[PDB]
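A look at the structure
If you want the building blocks of each chain, they are given just below.
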Amino acid sequence: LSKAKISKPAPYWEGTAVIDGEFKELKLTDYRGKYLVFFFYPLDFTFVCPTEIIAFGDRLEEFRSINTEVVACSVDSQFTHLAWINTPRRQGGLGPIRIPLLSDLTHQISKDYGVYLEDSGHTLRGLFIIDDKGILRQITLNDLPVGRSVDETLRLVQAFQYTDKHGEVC
Amino acid sequence: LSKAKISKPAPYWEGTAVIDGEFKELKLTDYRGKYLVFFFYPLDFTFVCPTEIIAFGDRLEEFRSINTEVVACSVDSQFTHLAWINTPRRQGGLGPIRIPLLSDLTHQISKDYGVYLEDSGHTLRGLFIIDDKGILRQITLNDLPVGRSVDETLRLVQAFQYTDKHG
Amino acid sequence: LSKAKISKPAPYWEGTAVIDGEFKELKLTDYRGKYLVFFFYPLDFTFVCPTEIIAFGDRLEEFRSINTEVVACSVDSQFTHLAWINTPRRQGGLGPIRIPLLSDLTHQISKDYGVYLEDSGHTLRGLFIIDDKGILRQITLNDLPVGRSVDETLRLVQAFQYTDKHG
Amino acid sequence: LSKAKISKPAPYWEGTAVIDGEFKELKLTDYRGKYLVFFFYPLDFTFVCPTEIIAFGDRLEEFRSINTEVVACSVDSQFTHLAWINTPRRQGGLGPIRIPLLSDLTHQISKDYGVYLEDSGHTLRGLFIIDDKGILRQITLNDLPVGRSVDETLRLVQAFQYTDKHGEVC
Amino acid sequence: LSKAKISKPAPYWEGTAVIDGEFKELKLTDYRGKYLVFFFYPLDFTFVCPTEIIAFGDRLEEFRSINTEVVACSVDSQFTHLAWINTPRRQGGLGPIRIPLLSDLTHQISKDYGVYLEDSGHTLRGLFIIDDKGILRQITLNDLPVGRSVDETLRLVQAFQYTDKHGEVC
Amino acid sequence: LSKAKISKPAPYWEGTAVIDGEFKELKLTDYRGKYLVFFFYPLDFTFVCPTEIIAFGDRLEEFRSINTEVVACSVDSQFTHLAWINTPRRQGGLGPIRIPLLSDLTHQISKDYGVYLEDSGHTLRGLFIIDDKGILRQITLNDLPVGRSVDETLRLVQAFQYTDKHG
Amino acid sequence: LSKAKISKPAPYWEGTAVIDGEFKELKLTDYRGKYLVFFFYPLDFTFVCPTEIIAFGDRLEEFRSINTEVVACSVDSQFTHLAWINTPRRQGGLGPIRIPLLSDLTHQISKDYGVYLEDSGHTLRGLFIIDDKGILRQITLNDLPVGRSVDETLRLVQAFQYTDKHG
Amino acid sequence: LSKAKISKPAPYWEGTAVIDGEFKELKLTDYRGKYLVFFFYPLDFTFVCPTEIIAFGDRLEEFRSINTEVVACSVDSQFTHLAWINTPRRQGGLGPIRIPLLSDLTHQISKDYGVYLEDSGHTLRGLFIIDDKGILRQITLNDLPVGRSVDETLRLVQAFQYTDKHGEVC
Amino acid sequence: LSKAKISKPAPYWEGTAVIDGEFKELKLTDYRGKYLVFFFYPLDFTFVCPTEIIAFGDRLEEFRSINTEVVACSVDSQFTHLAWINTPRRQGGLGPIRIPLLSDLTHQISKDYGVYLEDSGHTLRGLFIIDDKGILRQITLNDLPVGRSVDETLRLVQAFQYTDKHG
Amino acid sequence: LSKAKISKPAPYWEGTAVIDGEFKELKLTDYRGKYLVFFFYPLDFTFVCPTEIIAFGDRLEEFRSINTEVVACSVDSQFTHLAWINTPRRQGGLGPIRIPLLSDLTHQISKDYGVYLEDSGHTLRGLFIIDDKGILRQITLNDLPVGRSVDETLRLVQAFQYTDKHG
């Protein structure tokens, strides 16, 4: 059952990620101090263009300049993530990417987030906005066919940051 | 415990809504054949301006022209709902509005949609997109401070409708 | 399930009440050393004339001069209560009032007093007389359509105070 | 546990009453088609004057002209009810009375109405208003030292009858 | 369920009795150091003449000269016990009596002794013989229409006392 | 646990009894249409003089002439009962007797009548008056050291028969 | 349920026995240091001759000379036991006997040894050999008709004692 | 738990036996019509002389002439039984034998008879006399060191046969 | 908990496999009437040379000349399987292969065969020989560092088919 | 239920084995610090030639030159194991052997290793490679008709020790 609740500490996670083409151990707690956009995508190497992970990567500075990091996660292995990264974009690969790719091979992370699909063995499109004190502020769940918008995510982040500081004015 | 699941029938509801300044029984199944934007807001008559309900209200034809209805919901009674509509925007009301205000006084619907706050007694900002077959496609949950964007809700509705046809 | 039992400590409650147009946290224990008439009413902003709430506020000194306070309560938010007070009596509103309007938005207080209606999501008309030691002396429960009497409530209070002191 | 709940069928009862000096079997359903004021008092033959039973007695035709009956109950045996009635008022008795005294010897009725005091073996003073279709409309429970009022009871009954017929009005 | 068992401590009781026309608190343990004939009868103020309470009354000094007390009990309130005593015999009353009438208003005592009739709310006629150390020596239960006998009771008590002292002999 | 309850069917029993020096199966239902005094005694062959059993047998006609039978019972085997009858009264034995001695060797009958002593493995002195319709009217239980009276038992029986017919 | 198991401590018992025509408390632990033959028989005073008890009685020194005692047991009371001993063999008694007769009136011991017959209320023909350390070595259970042989019981006792020393 | 009860149908068994040096399937029901002596012994091939199985074999006609058969059982496999039989007696083997050797490899039979030893994985010395209607008449259990006597078994069989016919006379 | 049990039918499985570069739906029963070597390997794209899968592919004809198929499986998706087949060996891919690569993305197959490593989220090295009637004949489980042998697998398959005929 | 799990310590076992013609008490931990090939075979004295046990015995030095011991086990008693070793091969015995034959007479070892056939009462053909730290590294289960290979077992042992060093 899902552990993700708005207003509660986002469920702890840790696992191996690909970070600049190397295997690094990564933990939710590594992000304390900053806002974190933590999103799940269904699988590496499919025949859909990975335009949403690419979008977040390409516009990463828009998050980093407002104290926000981005982490992406699927149930693939770190070895698969690596291979997808080292596959040229023009070839359906992801190409180089500046956002970590977290592996959830055991499926524990996805279950903890309520994004796992029992019958498919992968996640749906799930996005989580977690604040600098590690509290969960926002949950977005999309049925598989529909992607997330970087612009919408940015709006939400800036809005949580505004109201953390100033309250709701009006 | 929450019955709302992506890809499954959105969980059934019925209640009283204020529609065009009158009480009506409104059911989920009323919307079968149309996409539905179904969203919850925390309370009537607070000191925060109802910006999001007004935007969905004013830009309603935009959803109607792509075969979509909108329904807003909170735990307030339908009487409070009618009073808030009858209060002029100037003095802190909503003023006339083109979207039904559903009353979830019993809390059952909020509970069924997983948006209910046990400690507070009202909901968080929860939004749900329900297809013309009554299937839940999308769940958006915000912590109280932050509201919803019509543009985003537009984009998503169009994207679900696009891929229904073309995948 | 109900905790209210004659001759036992009235069940504890606390919450946000509208007192003289401000939000204030209010606890049952604020009333120690005084009698308290504690009563539930079903909803703000209905079409029923609120004559029974108005009568308790308007005759509040009849209670204060025999060491009794009065607190009213419904499942409505404090925001709704405040908006109801800010609506003039001539318009269906409550107008200014001298009694706290306590909010039971989570429903807990109503469930503890056994006055909550699961099917409706609000209370019936329930009244509780609590003594200065916080013991419950009298429970009055009415079906929706019929309200309470300040005269009867005064008789009960004077009688408990007379038998508390005499035979 | 109590089965008395507003706007549900008043809990069924039956038992022996003293009616005009005779034992009669009496049932809640005997009263269908009229309003019923059903009330409990603590005991016969105590040293408290029975002002309130007498008052309802003295004023019965006020209830009857509005299609309403009154029944009193305690946990005393019907034999005690009878002796009490047969004892002159001037000697701590009740004397002649026009209302049925129902006996709740088994205590079941008291329990069902939630008026029963486990530690004492008798009831507190409870009063119940049941409509013509057996639905419970009103519950009044007083701690032991404070009695009921015919006037208040009449008001409630007339208001229930008035609203049954005309709904809620100003 | 009954707690009365031969050769075990008679089940504890306490309650209000009428003793020489006054309310007294009375406890089983008040009787330690003597034999006790403890007996239950069905109700006060019925139309059956109270031959048996009167008989034990009339003959009390026979029990007392052998270090033995008698207590009567029904489920009636002590207020009823008192009114019954205060009602002249010639009017269905008991008149003056020399034995304590214990009240079992809560029904707990009746239940503990297994004399309680759930369907009637009162007791059948049971009689119990408790020795000087609180141990139950004898249980007699009669169906409602048949009374007890002082003579038999005296015989039993004298035989218990005789065998306590001299054991079993011929 | 005990099945014996005043105003209910006496509990069923059956077993081997010694009747006029022969083994015979005996059932409670053999007694329908007659009163039955059914009684337990602790053990055969003890040093207590068996005066109470002897008295019921010796005064058996006092019961038979008011339509009453008597059956005695203990946990002893029928073989032991028979040997006890075959021992002369002058030697501690029972001598010939006119009442069945019923054997409760398995203990079931005693447990059903609530007269069995777990610590001892035998009964106390228990007596049961059963009417002609097989309803239990009277239970008498004595501690070991003290026996029953035929006179008292006769009074009880005559009284049940008198109130069965009259007031 | 049966506690008797080969190789484990034989299950503890105590009760009253008739030993040399008097009542004595007899305990299993009384026999510690000696082998014990512990056997049950169905009932006293039956019409079958007590051949087996008499044989064990008469040939007792044979066990005593190899450090063995014998104890017989049935569900009869110790009073029946004493009466059966006091009845002359001629008339169906046992006559004087050199072996204790244990009484298992409560049935606990029979139950503990698995020899009790629930339907009958007495035991079958059960025999047990218990070593000087209180360990059960041998269990012999016969259906009612058939009795035990002293010679066999002798052989077994000697065989256990032989292998205790030499294996 | 053991299923063997005196006076009840002896627990059903079946398994492979060695019968005249061949593997035959054998069942308790094969013996209906006759008395059966069914005994367990601890193991094939030990360093104890198998003098008790040999004894029963050697004197088999003493059973067969009074309508009685004999079956022996251990937890060894039928292959081991065969090999023990084909091992010359003078060599610690059993030699040829006219009594079937039943294998209880799964231990079910021994458990059903209450003769199994959990801690050893074999049986103790157990003997069962089962009559011609398949009822169990006799149980003999010996601690491992001590054997059974053919003479005693014969006595028991003849005695059950006598009393089946004539009752217990006396 | 594992369902794979020798002499029992092999646990049913189904899923997507890559066969000759294409997604095909594959199930255990597609193999009824042939023997099946079903093996698990830990993951696609690791840095360990894939010698064992290549070895079976190269030697497929030896299996097929004896009525035997080979199927490999890991917890990686069919998509990853395709990408690995499509990556030239010299770059750590598998290259073209003649053996179906089954995907166990839900992990249900691995669990059913008892090869799943709950801590790592992938299988160990498991191999199963399933006969032409669906019956599991052989189970081989290796700790991760050590591979399987084609020669040993052939020996086993031939021995099973040899004994199916000749005993 | 089986306790054998790869990468976990092998299930503890102890029992009597025949070693060099003698009963010796043997346990898993006697092997700590060496690798152990532990295998099960179905029964002593069957008509099937015992080729696999002989083969390992003949080739023991190959195992011992690489710090490895071999132990065989079946559910037969140590006594049967001795008789089988003591029976000349030409008569279907095993003849002299260099490998301990462990007895699993209680069946607890076979169960713990998950090789026990509850319907037959003996094991199937199971082989276990346990490393020098007591950890289970490899499990091989064969259906009864098919034996193990020494060459394949050597290959596995060498591969495990090779990877323990060099990865």
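Residues numbered from 1 in each chain as written, not as in the entry; some residues may be left out. Chains lettered and ligands numbered in written order. Heavy atoms only, no water.

Spelled out, the test is: UniProt positions are given in the numbering used here, feature names are shortened, and annotations may be inferred rather than shown by experiment.
Named according to the PDB entry, chain B is Peroxiredoxin-4 originating from Homo sapiens. In its Catalytic activity section, UniProt records this for chain B: "a hydroperoxide + [thioredoxin]-dithiol = an alcohol + [thioredoxin]-disulfide + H2O". Under the UniProt heading Subunit (literature references left out), the note attached to chain B is "Homodimer; disulfide-linked, upon oxidation. 5 homodimers assemble to form a ring-like decamer. Can form heterodimers with PRDX1."

For chain A, the PDB entry supplies the name Peroxiredoxin-4 and the organism Homo sapiens. Quoted verbatim from the Catalytic activity heading of the UniProt record, the comment on chain A is "a hydroperoxide + [thioredoxin]-dithiol = an alcohol + [thioredoxin]-disulfide + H2O". Chain A has a UniProt comment under Subunit (literature references left out) that states "Homodimer; disulfide-linked, upon oxidation. 5 homodimers assemble to form a ring-like decamer. Can form heterodimers with PRDX1."

**Structural notes on the overall build of chain A**
Going by this rule: The helix and strand labels rest on DSSP assignments: H or I over at least four residues marks a helix, E over at least two residues marks a strand, and numbering proceeds from the N terminus. Values of the radius of gyration come from C-alpha atoms, whereas the globule rule sets the reference at 2.2 Å times the count of residues to the power 0.38. Burial classification: accessible surface area is computed with a 1.4 Å probe over protein chains only, and a residue below 20% of its type maximum counts as buried, one above 50% as exposed, and the rest as partly exposed. In this analysis, two residues are considered to be in contact whenever any of their non-hydrogen atoms come within 4.5 Å of each other. Calculation of accessible area relied on Shrake-Rupley with a 1.4 Å probe; when residues are assessed, cover is drawn exclusively from the protein chains displayed.
When helices and strands are counted, chain A shows five helices and nine strands. The order of α-helices and β-strands along chain A, N terminus first, is β-β-β-α-α-β-α-β-α-β-β-β-β-α. The C-alpha radius of gyration computed for chain A amounts to 15 Å, which stays within 12% of the reference 15 Å derived for 170 residues, consistent with globular compactness. Seen through its C-alpha atoms, chain A measures out along the principal axes to roughly 50 × 35 × 30 Å. For chain A, the proportion of its 170 residues judged to be buried stands at 59%. A separation threshold of at least 6 residues defines the contact pool for chain A, and within that pool the share at least 24 residues apart is 69%. Carbon and sulfur atoms make up 51% of the accessible area of chain A, which amounts to about 7,200 Å² in all.

**Points about the pairing of strand 1 (residues 14-19) of chain D**
All names here are of chain D. Applied cut-off: We treat two strands as partners when DSSP finds at least two bridges between them.
With six bridges connecting them, strand 1 and strand 2 (residues 22-27) associate as antiparallel partners. By the bridge assignment for strand 2, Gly-15 is matched with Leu-26. Counting the residues that bridge the hairpin from strand 1 to strand 2 gives two residues, and of these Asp-20 lies at a positive phi of roughly 40°. In the sheet, strand 1 pairs with strand 5 (residues 101-103) via two bridges, with the strands oriented antiparallel. What sits directly across from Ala-17, in strand 5, is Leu-102.

**Focus: the UniProt feature "active site" in chain A**
Residue and element names in this part refer to chain A. What UniProt calls "active site" maps, in this numbering, to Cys-49. For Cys-49, the position within the fold is in the loop between strand 3 (35-40) and helix 1 (51-58). Using a relative accessible area of 57% as the deciding quantity, one classes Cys-49 as exposed.

**Overview of the packing of aromatic side chains**
Note the following rule: Aromatic contacts are taken between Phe, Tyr and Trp rings whose centres are within 6.5 Å, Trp giving its six-membered ring; a plane angle under 30 degrees counts as stacked, one over 60 as edge-to-face, and the others as tilted. By definition, being over a ring means that NZ of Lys or CZ of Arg is both within 6 Å of the ring centre and within 35 degrees of the ring normal.
Tallied over the entire structure, the rule returns 135 aromatic pairs over all chains. For the pair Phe-47 of chain H and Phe-23 of chain J, a centre-to-centre distance of 6.0 Å together with 25° between the ring planes defines the contact as stacked. Within this pair, whereas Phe-47 of chain H is found in the loop between strand 3 (35-40) and helix 1 (51-58), its partner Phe-23 of chain J is found in strand 2 (residues 22-27), the two belonging to separate chains. Classification of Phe-23 of chain J by relative accessible area gives partly exposed; the value is 30%. For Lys-111 of chain B, the ring lying beneath its charged end belongs to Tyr-116 of chain B, and the centroid distance is 5.4 Å.

**Quick word on the interface of chain A and chain B**
Rules: A 1.4 Å probe defines the accessible area here, and the buried area is the portion of it lost by two parts on being joined, summed over both. In the sections that follow, a salt bridge refers to a side-chain nitrogen of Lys or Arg positioned within 4 Å of a carboxyl oxygen of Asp or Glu. We call two N or O atoms a polar contact when they sit within 3.5 Å, provided that within protein one can donate a hydrogen and the other can accept it, with sequence-adjacent residues counted only if both atoms are side-chain atoms. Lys, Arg, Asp and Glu make up the charged group, whereas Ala, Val, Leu, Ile, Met, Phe, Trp, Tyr, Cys and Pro make up the nonpolar group; the residues left over, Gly among them, are polar.
Listed as interface residues are 24 residues of chain A and, on the opposing side, 27 residues of chain B. Of the roughly 2,100 Å² buried between chain A and chain B, counting both surfaces, carbon and sulfur atoms make up 58%. Taken together, chain A and chain B are joined by two salt bridges. Between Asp-143 of chain B and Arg-137 of chain A there is a salt bridge; the shortest N-O distance is 2.8 Å. Scanning the region where chain A abuts chain B turns up ten residue pairs in polar contact. Of all elements in the fold, only strand 9 (136-142) and helix 5 (150-166) of chain A reach the threshold of two or more residues within the side of chain A that touches chain B. Among the residues forming the side of chain A that touches chain B, the class breakdown is eleven nonpolar, seven polar and six charged.

**Comments concerning the state of the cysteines**
Quick reminder of the rule: Two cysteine sulfur atoms make up a disulfide if the distance between them is within 2.5 Å.
Enumeration over the complete set of coordinates arrives at four disulfides over all chains. There is a disulfide in this structure between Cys-49 of chain C and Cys-170 of chain D, and the S-S distance comes to 2.2 Å. For the disulfide bridge between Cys-49 of chain C and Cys-170 of chain D, the dihedral angle about the S-S bond is near 100°, and by the sign convention the bridge is right-handed. With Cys-49 of chain C in the loop between strand 3 (35-40) and helix 1 (51-58) and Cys-170 of chain D in the segment after helix 4 (150-166), the pair connects residues from two separate chains.

**Brief notes about the interface of chain G and chain F**
Contacts between the two partners involve 21 residues from chain G and, on the opposite side, 22 residues from chain F. Between chain G and chain F the total buried area reaches about 1,500 Å² when both faces are included, carbon and sulfur atoms providing 72% of it. A per-residue breakdown of the area chain G buries against chain F is headed by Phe-45, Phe-79 and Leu-105 of chain G, which together make up 35% of the total. If you look at where chain G meets chain F, you find zero salt bridges. Counting every contact that joins chain G to chain F gives zero residue pairs in polar contact. Per-element tally for the side of chain G that touches chain F: the top contributor is helix 3 (residues 78-85) of chain G, with four residues. Here the side of chain G that touches chain F is built from residues that sort into ten nonpolar, seven polar and four charged.

**Considerations on the environment of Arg-148 of chain I**
Among the secondary structure elements, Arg-148 of chain I is positioned in the loop between strand 9 (136-142) and helix 5 (150-166). Residue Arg-148 of chain I is classed as buried on the basis of its relative accessible area of 10%. As a C-alpha pair, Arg-148 of chain I and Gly-126 of chain I span 22 residues in sequence and 8.7 Å in three-dimensional space. Contacts of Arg-148 of chain I, omitting those with residues within four sequence positions, involve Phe-39, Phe-40, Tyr-41, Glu-52, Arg-125, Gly-126, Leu-127 and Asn-142 of chain I together with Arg-155 of chain J. There is a polar contact of 2.8 Å between the side chain of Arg-148 of chain I and the side chain of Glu-52 of chain I.

**Considerations on unusual backbone geometry**
Across the junction of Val-169 of chain A and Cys-170 of chain A, the peptide omega takes the value -5°, indicating a cis bond. At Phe-45 of chain B, a position not held by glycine, the phi torsion is positive, near 65°. Along the chain, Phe-45 of chain B turns up in the loop between strand 3 (35-40) and helix 1 (51-58). Judged by relative accessible area, which is 10%, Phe-45 of chain B ranks as buried. Here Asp-20 of chain I, not a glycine, exhibits a phi torsion of approximately 50°, which is positive. Relative to the helices and strands, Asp-20 of chain I resides in the loop between strand 1 (14-19) and strand 2 (22-27). On the basis of relative accessibility, which here comes to 61%, the residue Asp-20 of chain I falls in the exposed class.

**As for the arrangement of the chains**
Looking at chain B next to chain D, you find no contact at all, with the nearest C-alpha pair sitting 16 Å apart. Note that chain E does not reach chain H: the shortest distance linking a C-alpha of one to a C-alpha of the other is 37 Å.

**Describing the relation of the copies chain G and chain F**
Heads up, the rule is: Placing the copies on one another, the fit minimises squared distances between their C-alpha atoms.
When chain G is fitted to chain F, the best match, at an RMSD of 0.4 Å, comes from turning it 179° and sliding it 0.1 Å along the axis. Interpreted geometrically, this transformation is the action of a two-fold axis.

**Quick look at the packing of helix 1 (residues 51-64) of chain D against helix 4 of chain D**
Residue and element names in this part refer to chain D. Quick reminder of the rule: Here, axes are lines fitted to C-alpha atoms. For helices the fit covers the stretch in contact, and angles between N-to-C directions go from 0 to 180 degrees. Convention used here: angles under 35 degrees read as roughly parallel, angles over 145 as roughly antiparallel, angles from 65 to 115 as roughly perpendicular, and any remaining angle as oblique. By definition, any crossing whose near helix is turned counterclockwise from its far helix by less than a right angle is left-handed, and any crossing with a clockwise turn is right-handed.
Where helix 1 meets helix 4, the closest approach of the two axes is 11 Å, and the angle between their N-to-C directions is 25°. Relative to helix 4, the element helix 1 lies roughly parallel. For the crossing formed where helix 1 meets helix 4, the hand is right-handed. Of the residues in helix 4, those in contact with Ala-55, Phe-56, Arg-59, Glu-62 and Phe-63 of helix 1 are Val-150, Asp-151, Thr-153 and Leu-154. The residue makeup of the contact of helix 1 with helix 4, split by class, is five nonpolar, one polar and three charged.

**Observations regarding helix 2 (residues 78-86) of chain E**
With eight of nine residues buried, helix 2 of chain E lies mostly within the body of the structure. All of the buried residues in helix 2 of chain E are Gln-78, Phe-79, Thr-80, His-81, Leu-82, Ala-83, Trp-84 and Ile-85 of chain E. Structurally, helix 2 of chain E contributes buried residues whose contacts are with helix 2 (78-86) of chain D together with strand 1 (14-19), strand 2 (22-27), helix 1 (51-64), strand 4 (68-74) and strand 5 (101-103) of chain E. Its side-chain oxygen at 2.9 Å from the backbone nitrogen of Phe-79 of chain E, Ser-77 of chain E defines the N-terminal cap of helix 2 of chain E.

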